[PDB]
Amino acid sequence: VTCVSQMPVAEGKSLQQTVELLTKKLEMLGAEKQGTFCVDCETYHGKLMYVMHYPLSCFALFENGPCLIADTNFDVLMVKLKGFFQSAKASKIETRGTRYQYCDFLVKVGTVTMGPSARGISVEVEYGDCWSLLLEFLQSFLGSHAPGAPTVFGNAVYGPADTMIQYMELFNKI
Amino acid sequence: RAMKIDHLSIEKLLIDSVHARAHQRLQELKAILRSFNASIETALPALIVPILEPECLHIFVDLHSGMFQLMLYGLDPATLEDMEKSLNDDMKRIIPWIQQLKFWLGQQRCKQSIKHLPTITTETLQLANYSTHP
Amino acid sequence: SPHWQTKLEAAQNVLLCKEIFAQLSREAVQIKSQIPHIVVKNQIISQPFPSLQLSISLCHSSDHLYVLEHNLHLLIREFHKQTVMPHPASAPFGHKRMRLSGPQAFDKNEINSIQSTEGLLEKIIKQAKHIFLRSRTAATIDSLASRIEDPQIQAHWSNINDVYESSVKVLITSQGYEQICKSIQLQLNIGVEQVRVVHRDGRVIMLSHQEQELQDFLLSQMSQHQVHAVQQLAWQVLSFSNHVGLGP
Amino acid sequence: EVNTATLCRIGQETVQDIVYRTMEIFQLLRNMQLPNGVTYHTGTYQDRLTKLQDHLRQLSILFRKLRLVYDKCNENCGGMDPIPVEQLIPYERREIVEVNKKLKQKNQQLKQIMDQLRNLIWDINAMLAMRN
Amino acid sequence: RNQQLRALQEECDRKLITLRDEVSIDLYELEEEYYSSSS
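- Per the deposited record, the coordinates in this entry were obtained by cryo-EM to a resolution of 4.68 Å.

Structure (structure tokens):
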């Protein structure tokens, strides 16, 4: 279920130009319009401020984060423990983008959160291992990129939030 | 037509009024079609506009509001609906959707004809590199 | 038997009937442009497709029975659901489907599992399923009467008839030959869309409301497959016989 | 009481049944494991033994009837013995035809009756669809 | 009264379902007997 996701940091033309080129390649592949599930990426910390949303958001404090409550409950817990936590002051960024469901495969393009960032390509599997079609699509979709290899294929059952935290860990990359 | 019953039911009055105005605008659309083309059909609850010359694309009117939507025993949802919404909002851009539906029937007929035999249809070859001979 | 008791019961019955008639009227007038319909003070009729004059009507002193019982049961089940317990601990007072989105992420499942449209639409599509079954039976009868000298096609309905769909398994059934079972068409008929039928190839298909020639095409090609199989039964002429070569 | 064509059809059906019984006896011989395997000590063992005994007795009777019908077909060569229409394949009866017409009419009547019956059965299935 | 009538309607549903199953076996038998002959 929890499918891989990476961020090929392209250059040369522009960031928006590379995003448009990737979107055009996906549309040529047959990416159907499926809204824009813009998944933010905010930081305040070893807790976090993950605001990525997949019609529900949560922040992964540690141990991949439980974050099993709805977004309203999490926000209420945060506002209640205002200062009682150790995680307000860091840079609060927000990534965006559109989500297209080609055929039983949703692809989301996480744009620049604070402005310096890449466009992470996130895909969603059906059942989930299961890298045959994953790799067959990734090689036909991009070039020398999309390594992925999350804390998956270890068997605790298709954890998305751990992958999201791994993707948000790219903050120190720039 | 032109019912003037003596308060049998206010609902009957609404039926009379809306039926009359709907038949008026339907005859208007039929005259528009006859101005463009050279044969159509008409019925009591609504009318029919033909698109093939050997049974779909039936027009109808909202009996309780404007915006007389259309529906065909076919496909393409969320697109035909937008076409009918633009029609209700403008009433001018009508023939481009007529030609679109012509193309639609043309492609659906061959798709349904090739469905039973072993075939795989598609929009285009998606390879315009040798764009000289085609 | 108590007289005033059954009188009061019939009174409650006609009261709830008036209530549900008002509800269906409000639904038909407040619905979107999904389908046109005719609403009168006491007589209702819709038209989801040609030859669908659904004759449901509120009578009063001032199939023919199953569909109304179905409608009553569905509306009273709707009301009953509007009244399962929420299993509240702090203060949910809702349905477990609401809290299920928390742990189990539902992009569109939770939206679909919350609430949907019903009432007139469900009865309408049930009548659509009924007319589809009638058309299938008519096609079978026409084949039996016309293609009598042809291989007598044999059908068999299913048993778990759901609220919206059903299915029938049909076969060629040549005259006195159980070894000619070369094609078996399973048709799942539903008022949602066109019927999808599979014989032996997984060829997902979709006919029209008055399109039935696919049955005759399957009949011809299965007659061909059957003569091939019975030739395999009695020399050993190989499988070089195809469907149609360039068209004779 | 000739029944000659019916006799030939019966002989064909009998040889077909002989082939099918050969298939059946092979399919019942393949699943005859060791006696003291797990539990089938003698019960299912002697059961299938008697089953195959009846199988062979029936097959012997069938071979007897096949020999008999073959001898009857051989002795049936009376009048128009050559009958060269085999290689020359092409390229009162009124009472029988009337009885057939009446039978088909009664069959159409019973077909309409069965149509009403199956309509009622589909209706009952619809009712059960409304069940809880 | 609730429990009593619930048991009653359960018995009624069981009888109706058994009726449907028997009629299903019957319809299968008669349809097989009918479709085997074409007038």
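Quick look at the overall build of chain E
Okay, so step 1: If you tally the helices and strands in chain E, you get one helix and zero strands.
Okay, so step 2: Dimensions of chain E, computed from the C-alpha atoms along their principal axes, are close to 55 × 10 × 5 Å.

Description of the overall build of chain B
Okay, so step 1: Scanning chain B from N- to C-terminus turns up three helices and four strands.
Okay, so step 2: Seen in sequence order, chain B has helices and strands lined up from the N terminus as α-β-β-β-β-α-α.
Okay, so step 3: Here chain B has a C-alpha radius of gyration of 20 Å; the compact-globule value for 134 residues is 14 Å, and the former is much larger.
Okay, so step 4: Each principal axis of the C-alpha distribution contributes one length, and for chain B these read about 75 × 30 × 30 Å.

Things to note about the interface of chain E and chain C
Okay, so step 1: Taken together, the eleven residues of chain E in the interface contact ten residues of chain C.
Okay, so step 2: A breakdown of the residues in the side of chain E that touches chain C according to their chemical character gives three nonpolar, five polar and three charged.

Describing the pairing of strand 4 (residues 168–171) of chain C
Residue and element names in this part refer to chain C.
Okay, so step 1: Examined bridge by bridge, strand 3 (residues 154–157) and strand 4 share four bridges and lie antiparallel to one another. Considered in strand 4, the bridge of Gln-154 is made with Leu-171.
Okay, so step 2: Pairing of strand 4 with strand 5 (residues 184–188) involves four bridges; the strand directions are antiparallel. Across the sheet, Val-170 pairs through a bridge with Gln-185, a residue of strand 5.

Examining the interface of chain E and chain D
Frequently, the measure chosen for interface size is the accessible area that the parts lose on association.
Okay, so step 1: The interface is formed by five residues belonging to chain E together with eight residues belonging to chain D.
Okay, so step 2: Taken together, the residues of the side of chain E that touches chain D sort by class into three nonpolar, one polar and one charged.

Some thoughts on the sheet that holds strand 4 (residues 120–123) of chain A
Residue and element names in this part refer to chain A.
Okay, so step 1: Within the open sheet, the four strands sit side by side as 1-4-3-2. Their pairing is antiparallel. With partners counted over all chains shown, the strands left at the sheet margins are strand 1 (5–6) and strand 2 (99–101), one partner each.
Okay, so step 2: When strand 3 (residues 106–110) meets strand 4, the two strands line up antiparallel, connected through four bridges. Bridged to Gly-110 within strand 4 is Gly-120.

Let's talk about the sheet that holds strand 6 (residues 196–198) of chain C
The strands that make up a sheet pair up through hydrogen bonds in the backbone, lying either parallel or antiparallel.
Okay, so step 1: Sheet architecture is open: four strands sit in the order 3-4-5-6 (chain C), paired in antiparallel fashion. Strand pairing shows two members of the sheet lacking a second neighbour, strand 3 and strand 6 of chain C, which therefore form its edges. The sheet shows a mean angle of 20 degrees between the axes of neighbouring strands, direction not considered.
Okay, so step 2: Set on the sheet, helix 1 (residues 2–35) of chain E makes contact with strand 3 and strand 4 of chain C; between it and strand 3 of chain C the angle comes to about 170 degrees.

Describing the environment of A:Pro8
All names here are of chain A.
Okay, so step 1: Position of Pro-8 among the secondary structure elements: in the loop between strand 1 and helix 1 (15–29).
Okay, so step 2: Taking the C-alpha atoms as reference points, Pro-8 and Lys-25, 17 residues apart in sequence, are found 14 Å from one another.
Okay, so step 3: Leave out the neighbours within four places in its chain, and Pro-8 touches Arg-119, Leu-142 and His-145.

Section: the arrangement of the chains
Okay, so step 1: Contacts are most numerous, across the five pairs of chains in contact, for chains C and E.
Okay, so step 2: In this view chain A stays clear of chain B, with the nearest C-alpha atoms of the two still 8 Å from each other.
Okay, so step 3: A minimum C-alpha distance of 32 Å separates chain A and chain D, which share no contact.

Digging into the packing of helix 3 (residues 93–129) of chain D against helix 1 of chain E
Okay, so step 1: Between helix 3 of chain D and helix 1 of chain E, the shortest axis-to-axis distance is 10 Å and the interhelical angle comes to 150 degrees. When the axis of helix 3 of chain D is compared with that of helix 1 of chain E, the two are roughly antiparallel. As for how helix 3 of chain D packs across helix 1 of chain E, the hand of that crossing is left-handed. The residues of helix 1 of chain E that touch helix 3 of chain D, namely those facing D:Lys111, D:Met114, D:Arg118, D:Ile121, D:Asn125 and D:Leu128, are E:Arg20, E:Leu27, E:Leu30 and E:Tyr34.
Okay, so step 2: The residue inventory of the contact of helix 3 of chain D with helix 1 of chain E, partitioned by class, reads six nonpolar, one polar and three charged.

Looking at unusual backbone geometry
Okay, so step 1: Positive phi, close to 65 degrees, is recorded for B:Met91, a residue that is not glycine.
Okay, so step 2: Looking at the element boundaries, B:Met91 is found in the loop between helix 2 (80–90) and helix 3 (95–115).
Okay, so step 3: Unusually for a residue other than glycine, D:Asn3 sits at a positive phi of about 55 degrees.
Okay, so step 4: For D:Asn3, the position within the fold is in the segment before helix 1 (4–30).

Notes on the pattern of salt bridges
Okay, so step 1: Across the salt bridge formed by C:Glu78 and C:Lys81, the nearest N and O atoms sit 3.7 Å from each other. With C:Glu78 and C:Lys81 both in helix 2 (residues 66–82) and three residues apart, the pair spans about one turn of that helix.

What to know about the pairing of strand 3 of chain A
Residues and elements named next belong to chain A.
Okay, so step 1: For strand 2 and strand 3, the ladder comprises three bridges, and the chain directions are antiparallel. Pairing of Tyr-100 across the sheet is with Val-107, part of strand 3.
Okay, so step 2: Between strand 2 and the antiparallel strand that follows it, strand 3, lie four residues; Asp-104 among them carries a positive phi value of about 55 degrees.

Some details on the packing of helix 1 of chain D against helix 2 (residues 43–75) of chain D
Residue and element names in this part refer to chain D.
Okay, so step 1: Taken N-terminus to C-terminus, the directions of helix 1 and helix 2 make an angle of 150 degrees; their axes are 10 Å apart at the nearest point. As the angle between them shows, helix 1 and helix 2 are arranged roughly antiparallel. Considering only the axes of helix 1 and helix 2, their crossing is left-handed. Where helix 1 abuts helix 2, its residues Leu-7, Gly-11, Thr-14, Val-15, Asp-17, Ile-18, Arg-21, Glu-24 and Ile-25 lie against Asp-54, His-55, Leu-56, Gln-58, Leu-59, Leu-62, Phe-63, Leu-66 and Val-69.
Okay, so step 2: Of the residues assigned to the contact of helix 1 with helix 2, the class counts are ten nonpolar, four polar and four charged.

Points about the side chain of C:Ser183
Residues and elements named next belong to chain C.
Okay, so step 1: Mapping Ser-183 onto the fold places it in the loop between strand 4 and strand 5.
Okay, so step 2: Among the polar contacts listed, one links the side chain of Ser-183 to the side chain of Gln-185, at a separation of 3.2 Å.
Okay, so step 3: Residues contacting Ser-183, with those up to four places away along its chain left out, are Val-170, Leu-171, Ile-172, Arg-200 and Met-222.

About the criteria used
Residues numbered from 1 in each chain as written, not as in the entry; some residues may be left out. Chains lettered and ligands numbered in written order. Part of a larger assembly, values for the part shown. Heavy atoms only, no water. Residues with missing side-chain atoms left out of burial classes, pairs and counts. Helix = DSSP H or I, 4+ residues; strand = E, 2+ residues; numbered from the N terminus. Rg over C-alpha atoms; globule rule 2.2 N^0.38 Å. Contact = heavy atoms within 4.5 Å. Nonpolar A, V, L, I, M, F, W, Y, C, P; charged D, E, K, R; others polar. Pairing = 2+ DSSP bridges. Axes fitted to C-alpha atoms, helices over the stretch in contact; angles between N-to-C directions. Parallel < 35°, antiparallel > 145°, perpendicular 65-115°, else oblique. Left-handed = near helix turned anticlockwise from the far one by under 90°. Salt bridge = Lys/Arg side-chain N within 4 Å of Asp/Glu carboxyl O. Polar contact = N/O pair within 3.5 Å; in protein donor to acceptor, adjacent residues only side chain to side chain.

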